[PDB]
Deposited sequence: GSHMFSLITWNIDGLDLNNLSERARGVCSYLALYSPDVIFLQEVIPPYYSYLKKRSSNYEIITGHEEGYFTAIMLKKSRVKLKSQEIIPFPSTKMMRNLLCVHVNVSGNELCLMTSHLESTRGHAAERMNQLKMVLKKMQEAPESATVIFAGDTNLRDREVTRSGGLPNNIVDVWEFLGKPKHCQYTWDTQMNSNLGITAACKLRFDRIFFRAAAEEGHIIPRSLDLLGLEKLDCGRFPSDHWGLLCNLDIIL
């Protein structure tokens, strides 16, 4: 009846206090108990802690070495059907789109995650990767509900310069009337995990939707509380999305 996903860039590259951060993120995931979990910037040790703490989830990794994405499926409700790792072409950061075809209740789904080129890379390649994600979203089978969710790293109206969004694809944040409480997924003013003195408020973590059923209900943020070490679980904010399986 209900349906929930959580997208989070756990910032696994920040090695400081990584144990307590992983314990906190696992506490959030265990508390909300979502059905699908999209994780970005996961390192093998973090993946080992996740697999150790989350046994009721099937974890599909985007790679093996370095950092990668991961998709966790609640085994008690989400039935894995297929998986495909679509690698980006001119990628200078070893990033790819992780697609996982699943079945929830009686509906088919296509859950996609990605971690596009970061701020240090080439914004043009980030736009190209966005076009590849949207194209792979449109070319999905005309029977499943495609749901993308991940750290897009987009800024400076790159969605408009990349040809815009197609007619059958919409941003869940924009669909809900652009709620201002979950307006920014990366805030250097409230989140003090990079030491950036300047206040840069951007919306990196995003969710794209298309259907052939499922309705986005609510949208929220998580990971806003400081841990015992005085740091947040990540430099990005978690993005919780609740849906209704009509």
* Asked: Relative to the deposited sequence numbered from 1, which residue ranges are unmodelled?
  -> 1 to 2, 215 to 218, 253
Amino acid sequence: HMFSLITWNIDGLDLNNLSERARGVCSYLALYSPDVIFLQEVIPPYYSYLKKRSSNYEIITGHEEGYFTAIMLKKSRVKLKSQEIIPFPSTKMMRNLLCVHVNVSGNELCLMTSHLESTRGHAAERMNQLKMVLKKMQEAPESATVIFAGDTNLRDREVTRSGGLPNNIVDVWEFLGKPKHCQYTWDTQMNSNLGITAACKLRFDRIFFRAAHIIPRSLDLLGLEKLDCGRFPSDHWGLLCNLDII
From here on, numbers count along this sequence of modelled residues.
* On average, which has the higher Cα B-factor in the deposited entry, 176 to 184 or 61 to 69? -> 61 to 69
* If you average the CA temperature factors over each stretch, which comes out higher, 84 to 92 or 147 to 155? -> 84 to 92
* To do: Taking the values exactly as deposited, rank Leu130 by C-alpha B-factor within its chain and report the matching third: lowest, middle or highest.
  => middle
* **Assigned third (lowest, middle, highest) for the C-alpha B factor of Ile245** => middle
* **Third assignment of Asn193 from its chain's C-alpha B-factors** => middle
* Structure fact -> Among the modelled residues of its chain, the C-alpha B-factor of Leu219 falls in the third labelled highest
* Lowest, middle or highest third of the chain for the C-alpha temperature factor of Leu50? -> highest
